[PDB]
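J.: Handing over start-v3.tsv, TSV, C-alpha atoms and all ligand atoms.
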chain	number	residue	atom	x	y	z
A	50	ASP	CA	124.40	-46.75	82.16
A	51	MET	CA	126.62	-43.72	82.33
A	52	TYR	CA	130.39	-43.51	82.59
A	53	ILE	CA	133.12	-40.85	82.64
A	54	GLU	CA	136.35	-40.60	80.59
A	55	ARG	CA	139.07	-38.03	81.32
A	56	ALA	CA	139.30	-35.36	78.63
A	57	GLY	CA	142.01	-33.01	79.98
A	58	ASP	CA	143.40	-30.57	82.53
A	59	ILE	CA	141.55	-27.38	83.48
A	60	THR	CA	144.01	-24.60	82.59
A	61	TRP	CA	143.88	-21.15	80.91
A	62	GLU	CA	145.60	-21.29	77.49
A	63	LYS	CA	147.51	-18.23	76.33
A	64	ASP	CA	146.69	-17.42	72.70
A	65	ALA	CA	143.47	-19.47	72.53
A	66	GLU	CA	140.94	-18.67	69.72
A	67	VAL	CA	139.11	-15.44	70.76
A	68	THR	CA	135.44	-15.30	69.55
A	69	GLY	CA	131.75	-14.74	70.53
A	70	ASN	CA	129.89	-11.53	71.29
A	71	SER	CA	128.54	-10.18	74.70
A	72	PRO	CA	124.72	-9.74	74.45
A	73	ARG	CA	122.77	-8.12	77.30
A	74	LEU	CA	119.44	-10.01	77.48
A	75	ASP	CA	116.37	-9.87	79.73
A	76	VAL	CA	115.64	-13.44	80.80
A	77	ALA	CA	113.24	-15.38	83.10
A	78	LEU	CA	114.11	-18.65	84.92
A	79	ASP	CA	111.21	-21.05	85.53
A	80	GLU	CA	110.78	-23.71	88.31
A	81	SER	CA	111.98	-26.38	85.81
A	82	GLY	CA	115.34	-24.57	85.36
A	83	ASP	CA	114.54	-23.40	81.80
A	84	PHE	CA	115.58	-19.86	80.73
A	85	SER	CA	113.37	-17.81	78.39
A	86	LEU	CA	113.57	-14.32	76.76
A	87	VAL	CA	111.48	-11.51	78.28
A	88	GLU	CA	110.11	-8.70	76.07
B	16	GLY	CA	137.87	-45.01	89.75
B	17	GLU	CA	139.78	-42.11	88.14
B	18	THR	CA	139.75	-39.50	90.87
B	19	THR	CA	142.28	-37.13	89.17
B	20	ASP	CA	141.15	-33.49	88.96
B	21	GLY	CA	140.22	-32.36	85.43
B	22	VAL	CA	137.46	-32.21	82.78
B	23	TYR	CA	135.64	-35.46	81.84
B	24	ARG	CA	133.18	-36.61	79.16
B	25	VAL	CA	129.90	-38.16	80.35
B	26	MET	CA	129.05	-41.16	78.14
B	27	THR	CA	126.04	-43.50	77.81
B	28	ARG	CA	125.76	-46.94	76.14
B	29	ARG	CA	121.88	-47.03	76.44
B	30	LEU	CA	121.43	-45.52	72.97
B	31	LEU	CA	123.18	-46.51	69.64
B	32	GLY	CA	126.98	-47.05	70.11
B	33	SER	CA	128.60	-44.89	72.85
B	34	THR	CA	127.09	-41.40	72.92
B	35	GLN	CA	128.47	-38.36	74.78
B	36	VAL	CA	125.55	-36.75	76.71
B	37	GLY	CA	127.66	-34.12	78.48
B	38	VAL	CA	130.80	-33.09	80.36
B	39	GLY	CA	131.79	-32.45	83.98
B	40	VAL	CA	134.56	-31.30	86.36
B	41	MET	CA	136.35	-33.43	88.94
B	42	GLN	CA	137.74	-31.25	91.79
B	43	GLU	CA	138.60	-32.08	95.43
B	44	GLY	CA	137.17	-35.63	94.93
B	45	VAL	CA	133.74	-34.40	93.75
B	46	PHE	CA	132.31	-34.64	90.20
B	47	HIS	CA	130.33	-31.56	89.07
B	48	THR	CA	127.94	-31.58	86.10
B	49	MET	CA	124.59	-30.15	84.93
B	50	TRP	CA	121.36	-31.93	86.03
B	51	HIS	CA	119.98	-32.18	82.44
B	52	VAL	CA	123.10	-34.26	81.49
B	53	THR	CA	122.69	-37.20	83.99
B	54	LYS	CA	119.25	-36.53	85.58
B	55	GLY	CA	121.16	-37.65	88.74
B	56	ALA	CA	121.85	-41.23	87.54
B	57	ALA	CA	124.84	-43.07	89.06
B	58	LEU	CA	128.09	-42.82	87.14
B	59	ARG	CA	130.71	-45.45	86.38
B	60	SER	CA	134.47	-44.60	86.55
B	61	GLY	CA	136.51	-47.66	85.58
B	62	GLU	CA	135.62	-50.33	88.14
B	63	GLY	CA	134.31	-47.64	90.59
B	64	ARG	CA	130.94	-45.96	91.18
B	65	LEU	CA	129.97	-42.25	91.63
B	66	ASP	CA	126.75	-41.52	93.52
B	67	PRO	CA	124.91	-38.16	93.50
B	68	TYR	CA	125.22	-36.19	96.71
B	69	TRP	CA	123.49	-32.83	95.98
B	70	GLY	CA	121.27	-31.74	93.13
B	71	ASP	CA	118.80	-29.03	92.15
B	72	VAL	CA	116.74	-28.96	88.89
B	73	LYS	CA	116.17	-25.15	89.10
B	74	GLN	CA	119.94	-24.36	89.26
B	75	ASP	CA	120.36	-27.32	86.74
B	76	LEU	CA	123.32	-28.68	88.73
B	77	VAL	CA	124.37	-31.93	90.42
B	78	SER	CA	127.49	-32.98	92.43
B	79	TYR	CA	128.70	-36.62	93.02
B	80	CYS	CA	130.66	-38.08	96.03
B	81	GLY	CA	130.41	-34.82	97.97
B	82	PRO	CA	129.10	-31.28	98.21
B	83	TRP	CA	129.53	-28.72	95.37
B	84	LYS	CA	133.18	-27.37	95.53
B	85	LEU	CA	133.30	-24.73	92.76
B	86	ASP	CA	132.91	-21.21	94.14
B	87	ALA	CA	134.84	-18.85	91.84
B	88	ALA	CA	132.86	-16.08	90.14
B	89	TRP	CA	133.16	-14.04	86.91
B	90	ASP	CA	134.42	-10.57	87.95
B	91	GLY	CA	132.02	-8.82	85.51
B	92	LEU	CA	134.82	-7.22	83.45
B	93	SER	CA	137.38	-9.76	82.21
B	94	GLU	CA	137.42	-12.21	79.33
B	95	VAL	CA	136.97	-15.92	80.24
B	96	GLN	CA	137.59	-19.25	78.46
B	97	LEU	CA	135.14	-22.03	77.67
B	98	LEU	CA	137.05	-25.30	77.92
B	99	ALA	CA	134.77	-26.97	75.33
B	100	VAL	CA	134.75	-30.79	75.24
B	101	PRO	CA	132.56	-31.62	72.14
B	102	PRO	CA	131.42	-35.19	71.34
B	103	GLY	CA	134.16	-37.18	69.57
B	104	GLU	CA	136.42	-34.09	69.53
B	105	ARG	CA	139.46	-32.97	71.55
B	106	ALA	CA	139.13	-30.45	74.43
B	107	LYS	CA	139.60	-26.91	73.10
B	108	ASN	CA	139.81	-23.55	74.97
B	109	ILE	CA	137.81	-20.64	73.49
B	110	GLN	CA	138.24	-17.09	74.82
B	111	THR	CA	135.29	-14.70	74.98
B	112	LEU	CA	133.98	-11.65	76.84
B	113	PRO	CA	130.75	-12.71	78.54
B	114	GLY	CA	127.48	-10.90	78.03
B	115	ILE	CA	124.76	-10.64	80.73
B	116	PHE	CA	121.45	-12.42	81.48
B	117	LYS	CA	119.39	-9.79	83.44
B	118	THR	CA	116.72	-11.48	85.63
B	119	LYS	CA	114.23	-10.25	88.28
B	120	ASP	CA	116.71	-11.78	90.87
B	121	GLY	CA	119.96	-10.22	89.66
B	122	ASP	CA	122.39	-10.47	86.77
B	123	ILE	CA	124.30	-13.58	85.64
B	124	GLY	CA	127.20	-13.84	83.16
B	125	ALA	CA	126.43	-15.39	79.77
B	126	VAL	CA	128.61	-16.87	77.04
B	127	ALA	CA	127.53	-16.50	73.38
B	128	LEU	CA	129.10	-19.70	72.00
B	129	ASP	CA	127.38	-22.49	70.05
B	130	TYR	CA	128.37	-26.14	70.62
B	131	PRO	CA	126.62	-29.56	70.33
B	132	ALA	CA	124.15	-30.35	73.20
B	133	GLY	CA	126.59	-33.06	74.42
B	134	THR	CA	129.08	-30.25	75.29
B	135	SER	CA	126.81	-29.28	78.34
B	136	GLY	CA	128.78	-29.26	81.62
B	137	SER	CA	132.01	-27.94	79.99
B	138	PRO	CA	133.74	-25.55	82.43
B	139	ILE	CA	134.11	-21.78	81.97
B	140	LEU	CA	137.39	-20.51	83.55
B	141	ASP	CA	138.97	-17.28	84.71
B	142	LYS	CA	142.66	-16.27	84.09
B	143	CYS	CA	143.77	-18.23	87.19
B	144	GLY	CA	142.25	-21.49	85.78
B	145	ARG	CA	139.46	-21.43	88.40
B	146	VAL	CA	136.08	-22.80	87.30
B	147	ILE	CA	133.56	-19.93	87.45
B	148	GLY	CA	130.64	-22.05	86.14
B	149	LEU	CA	129.43	-24.67	83.64
B	150	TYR	CA	128.22	-24.20	80.07
B	151	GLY	CA	124.95	-25.64	78.84
B	152	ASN	CA	121.81	-23.99	80.28
B	153	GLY	CA	120.61	-20.98	78.32
B	154	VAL	CA	118.43	-19.65	75.54
B	155	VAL	CA	118.14	-19.37	71.74
B	156	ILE	CA	118.12	-15.71	70.77
B	157	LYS	CA	116.27	-13.77	67.91
B	158	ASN	CA	118.53	-15.18	65.12
B	159	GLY	CA	118.79	-18.88	66.13
B	160	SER	CA	122.18	-18.75	67.89
B	161	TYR	CA	122.70	-20.15	71.42
B	162	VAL	CA	123.62	-18.15	74.54
B	163	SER	CA	124.48	-20.06	77.77
B	164	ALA	CA	124.37	-18.81	81.36
B	165	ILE	CA	127.66	-19.12	83.30
B	166	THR	CA	125.95	-21.49	85.84
B	167	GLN	CA	127.71	-21.67	89.25
B	168	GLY	CA	126.64	-23.55	92.40
B	169	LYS	CA	127.17	-22.66	96.05
B	170	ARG	CA	129.98	-24.03	98.21
B	171	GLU	CA	128.34	-24.76	101.61
C	201	LIG	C1	120.63	-38.56	95.17
C	201	LIG	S1	119.96	-37.01	95.60
C	201	LIG	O1	118.83	-37.21	96.45
C	201	LIG	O2	121.03	-36.17	96.08
C	201	LIG	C2	119.38	-36.29	94.08
C	201	LIG	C3	119.12	-34.95	94.06
C	201	LIG	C4	118.54	-34.37	92.94
C	201	LIG	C5	118.28	-35.11	91.83
C	201	LIG	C6	118.56	-36.50	91.80
C	201	LIG	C7	118.28	-37.33	90.71
C	201	LIG	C8	118.55	-38.67	90.78
C	201	LIG	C9	119.11	-39.17	91.94
C	201	LIG	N1	119.40	-38.45	93.00
C	201	LIG	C10	119.12	-37.11	92.95
C	202	LIG	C1	118.55	-26.21	71.70
C	202	LIG	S1	119.68	-27.18	72.63
C	202	LIG	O1	119.42	-26.95	74.03
C	202	LIG	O2	119.61	-28.53	72.15
C	202	LIG	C2	121.28	-26.53	72.25
C	202	LIG	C3	121.39	-25.89	71.04
C	202	LIG	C4	122.58	-25.28	70.68
C	202	LIG	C5	123.66	-25.31	71.51
C	202	LIG	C6	123.60	-25.97	72.76
C	202	LIG	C7	124.67	-26.03	73.67
C	202	LIG	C8	124.51	-26.68	74.86
C	202	LIG	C9	123.30	-27.27	75.14
C	202	LIG	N1	122.26	-27.26	74.33
C	202	LIG	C10	122.39	-26.61	73.14
Can you turn what I pasted into structure tokens?
T.:
Amino acid sequence: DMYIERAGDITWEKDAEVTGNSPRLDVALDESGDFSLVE
Amino acid sequence: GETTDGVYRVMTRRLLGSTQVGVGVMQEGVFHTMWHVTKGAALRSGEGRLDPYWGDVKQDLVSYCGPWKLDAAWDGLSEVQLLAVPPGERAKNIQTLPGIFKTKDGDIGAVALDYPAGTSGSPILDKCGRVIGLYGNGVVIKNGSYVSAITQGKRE
């Protein structure tokens, strides 16, 4: 049995931690909604 | 039930203790999450009930109480923020410049950020605070790290 609990407002925060790269990848999406890498 | 707009944790008591299986967005009276989080099961909100209204396994999305409301899109140039809601941890905004998933059907934004599986359904926002998609459906690249699509539905 599932239930929801509020966790916060949806707002942009100035001076949030900036991280993560921006990879450009070739991908395939199957009928089950699963992504895979194409080579 | 709590109808207030905002980000919510999706919990289950079926397994050991109370486990967080995902996250979702409440907006305009509709709850938005990823299909792999709830599989479309009914949701409890206090004394109230949330029933699925629309869902699609291929897009990996589901909406409750009404049709999908989120229609903002990544502009393809600007940085965004993942409003990550990890299990047992406080909501935290993380800024990043999305990459790209290139498919035979067009290109989709992607966020290279690694969080526990129970963070799936956390919203990705633009500078105006608009939800441009949900985090949690992606791939594991050549070194073991996770890259998520910025998954957005369609507002009918
Ligand atoms: C209730 S519905 O027909 O809109 C629906 C759609 C897709 C997936 C679902 C999974 C469970 C329950 N219902 C689901
Ligand atoms: C391989 S996995 O799908 O369990 C997974 C791994 C790392 C990070 C994830 C973030 C969201 C959802 N799932 C994630």
J.: Rounded to one decimal place, report the atom CA of residue 157 of chain B-atom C10 of ligand LIG 202 (chain C) distance in Å.
T.: 15.2 Å
J.: Would you name the residues within 12 Å of ligand LIG 201 (chain C), counting all atoms listed in the file, and put them as a VMD selection string?
T.: chain B and resid 48 to 58 65 to 83
J.: Take the residues just selected and output them with C-alpha atoms as a PDB file, in the coordinates of the input.
T.:
ATOM      1  CA  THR B  48     127.940 -31.580  86.100  1.00  0.00           C
ATOM      2  CA  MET B  49     124.590 -30.150  84.930  1.00  0.00           C
ATOM      3  CA  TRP B  50     121.360 -31.930  86.030  1.00  0.00           C
ATOM      4  CA  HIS B  51     119.980 -32.180  82.440  1.00  0.00           C
ATOM      5  CA  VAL B  52     123.100 -34.260  81.490  1.00  0.00           C
ATOM      6  CA  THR B  53     122.690 -37.200  83.990  1.00  0.00           C
ATOM      7  CA  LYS B  54     119.250 -36.530  85.580  1.00  0.00           C
ATOM      8  CA  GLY B  55     121.160 -37.650  88.740  1.00  0.00           C
ATOM      9  CA  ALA B  56     121.850 -41.230  87.540  1.00  0.00           C
ATOM     10  CA  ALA B  57     124.840 -43.070  89.060  1.00  0.00           C
ATOM     11  CA  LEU B  58     128.090 -42.820  87.140  1.00  0.00           C
ATOM     12  CA  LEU B  65     129.970 -42.250  91.630  1.00  0.00           C
ATOM     13  CA  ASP B  66     126.750 -41.520  93.520  1.00  0.00           C
ATOM     14  CA  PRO B  67     124.910 -38.160  93.500  1.00  0.00           C
ATOM     15  CA  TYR B  68     125.220 -36.190  96.710  1.00  0.00           C
ATOM     16  CA  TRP B  69     123.490 -32.830  95.980  1.00  0.00           C
ATOM     17  CA  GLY B  70     121.270 -31.740  93.130  1.00  0.00           C
ATOM     18  CA  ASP B  71     118.800 -29.030  92.150  1.00  0.00           C
ATOM     19  CA  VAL B  72     116.740 -28.960  88.890  1.00  0.00           C
ATOM     20  CA  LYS B  73     116.170 -25.150  89.100  1.00  0.00           C
ATOM     21  CA  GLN B  74     119.940 -24.360  89.260  1.00  0.00           C
ATOM     22  CA  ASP B  75     120.360 -27.320  86.740  1.00  0.00           C
ATOM     23  CA  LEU B  76     123.320 -28.680  88.730  1.00  0.00           C
ATOM     24  CA  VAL B  77     124.370 -31.930  90.420  1.00  0.00           C
ATOM     25  CA  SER B  78     127.490 -32.980  92.430  1.00  0.00           C
ATOM     26  CA  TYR B  79     128.700 -36.620  93.020  1.00  0.00           C
ATOM     27  CA  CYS B  80     130.660 -38.080  96.030  1.00  0.00           C
ATOM     28  CA  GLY B  81     130.410 -34.820  97.970  1.00  0.00           C
ATOM     29  CA  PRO B  82     129.100 -31.280  98.210  1.00  0.00           C
ATOM     30  CA  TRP B  83     129.530 -28.720  95.370  1.00  0.00           C
TER      31      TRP B  83
END
J.: Name the closest residue to ligand LIG 202 (chain C) among the candidates B:93, B:137, B:158, B:34; distances are taken between atoms, counting only C-alpha atoms and all ligand atoms.
T.: B:137
J.: Any idea what the distance is between atom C6 of ligand LIG 202 (chain C) and atom CA of residue 146 of chain B?
T.: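 The value is 19.4 Å.
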J.: Could you please give me, as an mmCIF file with C-alpha atoms, in the coordinates of the input, the residues of protein, DNA or RNA lying at most 6 Å from (126.6, -24.0, 87.5) in the coordinate frame of the file, considering all atoms listed in the file?
T.:
data_model
loop_
_atom_site.group_PDB
_atom_site.id
_atom_site.type_symbol
_atom_site.label_atom_id
_atom_site.label_comp_id
_atom_site.auth_asym_id
_atom_site.auth_seq_id
_atom_site.Cartn_x
_atom_site.Cartn_y
_atom_site.Cartn_z
ATOM 1 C CA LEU B 76 123.320 -28.680 88.730
ATOM 2 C CA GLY B 148 130.640 -22.050 86.140
ATOM 3 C CA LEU B 149 129.430 -24.670 83.640
ATOM 4 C CA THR B 166 125.950 -21.490 85.840
ATOM 5 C CA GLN B 167 127.710 -21.670 89.250
ATOM 6 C CA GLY B 168 126.640 -23.550 92.400
#
J.: In Å, how far is it from atom CA of residue 155 of chain B to atom CA of residue 78 of chain A?
T.: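 It comes out at 13.8 Å.
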J.: For a quick check of understanding, using only C-alpha atoms and all ligand atoms, which of A:83, A:64, A:88, A:58 has the smallest distance to ligand LIG 202 (chain C)?
T.: A:83
J.: Using only C-alpha atoms, pick whichever of B:18, B:33, B:160, B:27 has the shortest atom-to-atom distance to chain A.
T.: B:27
J.: Dump as CSV the rows for residues of chain B within 6 Å of ligand LIG 202 (chain C): closest atom pair and distance in Å with one decimal, only C-alpha atoms and all ligand atoms counted, ordered by chain and rising residue number.
T.:
residue,atom,partner,partner_atom,distance
B:129,CA,C:LIG202,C5,4.9
B:130,CA,C:LIG202,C7,4.8
B:131,CA,C:LIG202,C7,5.2
B:132,CA,C:LIG202,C9,3.7
B:134,CA,C:LIG202,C8,5.8
B:135,CA,C:LIG202,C8,4.9
B:151,CA,C:LIG202,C8,4.1
B:161,CA,C:LIG202,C4,5.2
J.: Please produce a file of those selected residues containing C-alpha atoms, as a CSV table (one decimal), keeping the file's coordinate frame.
T.:
chain,number,residue,atom,x,y,z
B,129,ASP,CA,127.4,-22.5,70.0
B,130,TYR,CA,128.4,-26.1,70.6
B,131,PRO,CA,126.6,-29.6,70.3
B,132,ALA,CA,124.2,-30.4,73.2
B,134,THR,CA,129.1,-30.2,75.3
B,135,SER,CA,126.8,-29.3,78.3
B,151,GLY,CA,125.0,-25.6,78.8
B,161,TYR,CA,122.7,-20.2,71.4
J.: Which one of B:40, B:63, B:147, B:21 sits closest to chain A if you count all atoms listed in the file?
T.: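 The closest residue to chain A is B:21.
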J.: Neighbours of residue 25 of chain B within 8 Å (all atoms listed in the file; same-chain residues fewer than 3 positions away dropped), as a ChimeraX atom specification?
T.: /A:51-54 /B:35-39,52
J.: For the selection you just gave me, I'd like the residues written to a file as a PDB file, in the frame of the given file, keeping C-alpha atoms.
T.:
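Saved to out-v2.pdb:
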ATOM      1  CA  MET A  51     126.620 -43.720  82.330  1.00  0.00           C
ATOM      2  CA  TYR A  52     130.390 -43.510  82.590  1.00  0.00           C
ATOM      3  CA  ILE A  53     133.120 -40.850  82.640  1.00  0.00           C
ATOM      4  CA  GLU A  54     136.350 -40.600  80.590  1.00  0.00           C
TER       5      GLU A  54
ATOM      6  CA  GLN B  35     128.470 -38.360  74.780  1.00  0.00           C
ATOM      7  CA  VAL B  36     125.550 -36.750  76.710  1.00  0.00           C
ATOM      8  CA  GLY B  37     127.660 -34.120  78.480  1.00  0.00           C
ATOM      9  CA  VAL B  38     130.800 -33.090  80.360  1.00  0.00           C
ATOM     10  CA  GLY B  39     131.790 -32.450  83.980  1.00  0.00           C
ATOM     11  CA  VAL B  52     123.100 -34.260  81.490  1.00  0.00           C
TER      12      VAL B  52
END
J.: If we count all atoms listed in the file and set the cut-off at 10 Å, which residues sit around segment 121-128 of chain B, ignoring sequence neighbours fewer than 6 positions away in its own chain? Please answer as a PyMOL selection string.
T.: (chain A and resi 68-76) or (chain B and resi 88-91+95-97+99+109-115+139+147-148+150-156+160-167)
J.: Specify the axis-aligned box that encloses all atoms of segment 151-167 of chain B listed in the file after padding of 4 Å on each side, stating its centre and edge lengths in Å to one decimal as AutoDock Vina command-line options.
T.:
--center_x 122.0 --center_y -19.7 --center_z 77.2 --size_x 19.4 --size_y 19.9 --size_z 32.1
J.: Which of these residues is nearest to chain A, using only C-alpha atoms: B:59, B:169, B:119, B:47?
T.: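 Looking at the shortest contact to chain A, the residue is B:59.
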J.: Out of B:86, B:104, B:43, B:171, which residue has the shortest atom-to-atom distance to chain A when counting all atoms listed in the file?
T.: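 For chain A, the nearest of the given residues is B:104.
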J.: So which residues touch residue 98 of chain B within 6 Å, counting all atoms listed in the file, skipping near sequence neighbours fewer than 2 positions away, as an NGL selection string?
T.: :B and (107-108 or 138)
